Amino acid sequence: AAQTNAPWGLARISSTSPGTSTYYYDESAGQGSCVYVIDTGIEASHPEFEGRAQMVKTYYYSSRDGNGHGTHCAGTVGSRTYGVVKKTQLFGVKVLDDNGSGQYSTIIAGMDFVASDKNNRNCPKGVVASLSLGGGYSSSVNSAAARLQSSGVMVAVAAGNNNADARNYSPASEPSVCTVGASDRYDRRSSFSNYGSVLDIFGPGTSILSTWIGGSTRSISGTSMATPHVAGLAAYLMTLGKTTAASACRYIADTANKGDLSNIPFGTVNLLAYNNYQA
Ligand SMILES: [Ca+2]
Ligand SMILES: [Hg+2]
Ligand SMILES: [Hg+2]
């Protein structure tokens, strides 16, 4: 299948060069897989989700996304127009408040929740979790991420947006999960993207168009935005039967576009997520 005039990030992940505009993908489109989006919530009624999204847990007074961030990131995972895996099922877990902030204790709870909840869902092709969030280093937050991964969920996390070594950030610095940096249209590392040896892979993160709250759309930048491109790609590859939850991050790095990115500091991987599609 081909989506013509797609968002640049979608085109980039199905191409071996920058500057294309068509997103090529297998029609299976991640059907039978599930992606938990752990964020500010999801506006599940947005038409772009086609009834494939639902809120399963909140840690605040409401389950509604009053922020937009979570809705945007879900959209990059699996909205019709803006999504990598256009037929995946999306589950929203609200660990962040409507200002975009949350305590580590509640972020940890949300992770432990997903590890258990996936046991009562029908997700034949596997289960992914997308965490476009993070803060300063915390061994407890790293440990919760590691548990979620070991439970059999493909965990993809943001590297952080400080233009710094991601070793000092939590979400990011846990080696066992998939830590994602951000790149821009021209194949440069995004100016804000964290880097370092703990990064596994880069995805598109600058000027990413997707769904927003109030049934709208919006372009936003941040290494947060790259995360869902890799989460969606994992779900897509898992439904194809190419890889499993446990080995997805490695499989993605193995099959990545290698050496394309500029402004990568020595000691950081130069690998850009790539679907390897062939008609
Ligand atoms: Ca890793
Ligand atoms: Hg987000
Ligand atoms: Hg986003």
# chains A, B, ... in the order shown; residues from 1 in each chain; ligands from 1
>>> closest_atom_pairs(of="chain A", to="ligand 1", cutoff="6 Å", atoms="only C-alpha atoms and all ligand atoms", output="tab-separated table")
residue	atom	partner	partner_atom_place_in_ligand_line	distance
A:175	CA	ligand 1	1 (Ca)	4.1
A:176	CA	ligand 1	1 (Ca)	4.7
A:177	CA	ligand 1	1 (Ca)	4.6
A:178	CA	ligand 1	1 (Ca)	4.6
A:179	CA	ligand 1	1 (Ca)	5.6
A:200	CA	ligand 1	1 (Ca)	5.3
>>> select_by_dssp(residues="stretch 58-137 of chain A", states="strand (DSSP E)", output="mmCIF file with N, CA, C and O atoms, in the first residue's frame")
data_model
loop_
_atom_site.group_PDB
_atom_site.id
_atom_site.type_symbol
_atom_site.label_atom_id
_atom_site.label_comp_id
_atom_site.auth_asym_id
_atom_site.auth_seq_id
_atom_site.Cartn_x
_atom_site.Cartn_y
_atom_site.Cartn_z
ATOM 1 N N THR A 58 -6.839 5.772 34.180
ATOM 2 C CA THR A 58 -6.363 7.112 34.511
ATOM 3 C C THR A 58 -5.898 7.124 35.976
ATOM 4 O O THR A 58 -6.495 6.441 36.812
ATOM 5 N N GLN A 89 -4.553 -1.672 17.526
ATOM 6 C CA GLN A 89 -5.437 -1.248 18.609
ATOM 7 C C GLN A 89 -4.684 -0.401 19.627
ATOM 8 O O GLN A 89 -3.547 -0.728 19.992
ATOM 9 N N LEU A 90 -5.290 0.696 20.067
ATOM 10 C CA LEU A 90 -4.612 1.638 20.960
ATOM 11 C C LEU A 90 -5.279 1.691 22.329
ATOM 12 O O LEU A 90 -6.506 1.769 22.420
ATOM 13 N N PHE A 91 -4.481 1.582 23.387
ATOM 14 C CA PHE A 91 -5.001 1.692 24.748
ATOM 15 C C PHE A 91 -4.323 2.866 25.456
ATOM 16 O O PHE A 91 -3.095 2.980 25.400
ATOM 17 N N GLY A 92 -5.113 3.737 26.061
ATOM 18 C CA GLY A 92 -4.578 4.946 26.675
ATOM 19 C C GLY A 92 -4.480 4.786 28.188
ATOM 20 O O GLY A 92 -5.401 4.294 28.837
ATOM 21 N N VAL A 93 -3.304 5.091 28.723
ATOM 22 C CA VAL A 93 -3.112 5.100 30.184
ATOM 23 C C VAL A 93 -2.642 6.500 30.596
ATOM 24 O O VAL A 93 -1.627 6.957 30.069
ATOM 25 N N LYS A 94 -3.475 7.223 31.323
ATOM 26 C CA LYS A 94 -3.157 8.601 31.689
ATOM 27 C C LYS A 94 -2.350 8.681 32.973
ATOM 28 O O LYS A 94 -2.901 8.651 34.079
ATOM 29 N N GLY A 126 1.092 -9.398 19.461
ATOM 30 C CA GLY A 126 2.026 -8.869 20.439
ATOM 31 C C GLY A 126 1.629 -7.505 20.980
ATOM 32 O O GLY A 126 0.640 -6.886 20.576
ATOM 33 N N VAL A 127 2.411 -7.016 21.940
ATOM 34 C CA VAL A 127 2.055 -5.847 22.731
ATOM 35 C C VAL A 127 3.234 -4.883 22.840
ATOM 36 O O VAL A 127 4.386 -5.284 23.021
ATOM 37 N N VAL A 128 2.950 -3.615 22.566
ATOM 38 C CA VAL A 128 3.971 -2.560 22.596
ATOM 39 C C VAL A 128 3.531 -1.486 23.599
ATOM 40 O O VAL A 128 2.334 -1.282 23.795
ATOM 41 N N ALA A 129 4.486 -0.812 24.223
ATOM 42 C CA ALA A 129 4.196 0.338 25.066
ATOM 43 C C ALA A 129 5.048 1.546 24.673
ATOM 44 O O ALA A 129 6.241 1.421 24.391
ATOM 45 N N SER A 130 4.399 2.701 24.527
ATOM 46 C CA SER A 130 5.061 3.908 24.060
ATOM 47 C C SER A 130 5.079 4.990 25.134
ATOM 48 O O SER A 130 4.037 5.334 25.703
ATOM 49 N N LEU A 131 6.285 5.383 25.549
ATOM 50 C CA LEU A 131 6.452 6.352 26.623
ATOM 51 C C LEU A 131 7.187 7.605 26.159
ATOM 52 O O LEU A 131 8.410 7.692 26.268
ATOM 53 N N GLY A 135 12.294 12.140 32.954
ATOM 54 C CA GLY A 135 12.796 13.193 33.837
ATOM 55 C C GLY A 135 14.258 12.896 34.183
ATOM 56 O O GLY A 135 14.887 12.082 33.514
ATOM 57 N N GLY A 136 14.705 13.432 35.308
ATOM 58 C CA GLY A 136 16.064 13.164 35.781
ATOM 59 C C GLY A 136 16.183 11.701 36.212
ATOM 60 O O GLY A 136 15.180 11.002 36.379
#
>>> closest_atom_pairs(of="stretch 61-129 of chain A", to="stretch 30-37 of chain A", cutoff="12 Å", atoms="only C-alpha atoms", output="Markdown table")
| residue | atom | partner | partner_atom | distance |
| --- | --- | --- | --- | --- |
| A:65 | CA | A:37 | CA | 12.0 |
| A:69 | CA | A:37 | CA | 10.6 |
| A:70 | CA | A:37 | CA | 7.2 |
| A:71 | CA | A:37 | CA | 9.0 |
| A:72 | CA | A:37 | CA | 10.4 |
| A:73 | CA | A:37 | CA | 7.6 |
| A:74 | CA | A:37 | CA | 6.2 |
| A:75 | CA | A:37 | CA | 10.0 |
| A:76 | CA | A:37 | CA | 10.6 |
| A:77 | CA | A:35 | CA | 7.8 |
| A:78 | CA | A:30 | CA | 8.6 |
| A:79 | CA | A:30 | CA | 11.6 |
| A:80 | CA | A:30 | CA | 11.9 |
| A:83 | CA | A:30 | CA | 10.6 |
| A:84 | CA | A:30 | CA | 8.6 |
| A:85 | CA | A:30 | CA | 5.0 |
| A:86 | CA | A:30 | CA | 6.7 |
| A:87 | CA | A:31 | CA | 4.8 |
| A:88 | CA | A:31 | CA | 4.8 |
| A:89 | CA | A:34 | CA | 4.7 |
| A:90 | CA | A:35 | CA | 5.1 |
| A:91 | CA | A:36 | CA | 4.7 |
| A:92 | CA | A:37 | CA | 5.1 |
| A:93 | CA | A:37 | CA | 6.2 |
| A:94 | CA | A:37 | CA | 8.4 |
| A:95 | CA | A:37 | CA | 9.9 |
| A:96 | CA | A:37 | CA | 11.3 |
| A:110 | CA | A:36 | CA | 10.3 |
| A:111 | CA | A:36 | CA | 9.8 |
| A:113 | CA | A:36 | CA | 10.6 |
| A:114 | CA | A:36 | CA | 7.4 |
| A:115 | CA | A:36 | CA | 10.2 |
| A:117 | CA | A:36 | CA | 10.1 |
| A:118 | CA | A:34 | CA | 8.8 |
| A:119 | CA | A:34 | CA | 11.8 |
| A:121 | CA | A:34 | CA | 8.8 |
| A:122 | CA | A:32 | CA | 8.0 |
| A:123 | CA | A:33 | CA | 5.1 |
| A:124 | CA | A:32 | CA | 5.5 |
| A:125 | CA | A:33 | CA | 4.6 |
| A:126 | CA | A:33 | CA | 5.1 |
| A:127 | CA | A:34 | CA | 5.0 |
| A:128 | CA | A:35 | CA | 4.6 |
| A:129 | CA | A:36 | CA | 4.6 |
>>> residues_near_ligand(ligand="ligand 3", cutoff="12 Å", atoms="only C-alpha atoms and all ligand atoms", output="PyMOL selection string")
chain A and resi 9+37-42+67-79+82-83+130-133+158+182+204-213+217-229+231
>>> atom_distance(atom1="atom CA of residue A:192", atom2="atom CA of residue A:170")
16.6 Å
>>> closest_residue(among="A:99, A:21, A:139, A:263", to="ligand 2", atoms="only C-alpha atoms and all ligand atoms")
A:99
>>> closest_residue(among="A:164, A:279, A:248, A:6", to="residue A:233", atoms="only C-alpha atoms")
A:248
>>> closest_residue(among="A:190, A:120, A:138, A:278", to="residue A:25", atoms="only C-alpha atoms")
A:278
>>> closest_residue(among="A:101, A:22, A:14, A:191", to="ligand 2", atoms="only C-alpha atoms and all ligand atoms")
A:101
>>> closest_residue(among="A:97, A:165, A:48, A:26", to="ligand 2", atoms="only C-alpha atoms and all ligand atoms")
A:97
>>> atom_distance(atom1="atom CA of residue A:236", atom2="atom CA of residue A:275")
8.7 Å
>>> atom_distance(atom1="atom CA of residue A:153", atom2="atom CA of residue A:172")
16.3 Å
>>> closest_residue(among="A:150, A:247, A:157, A:168", to="ligand 2", atoms="only C-alpha atoms and all ligand atoms")
A:157
>>> residues_around(residues="residue A:273", least_positions_apart="2", cutoff="9 Å", atoms="only C-alpha atoms", output="list in words")
residues 12, 13, 14, 201, 202, 203, 204, 229, 230, 233, 252, 253, 255, 256, 257, 271 and 275 of chain A
>>> select_by_dssp(residues="stretch 36-273 of chain A", states="helix (DSSP H, G or I)", output="MDAnalysis selection string")
chainID A and resid 47:49 69:78 104:120 139:150 166:168 223:240 248:254
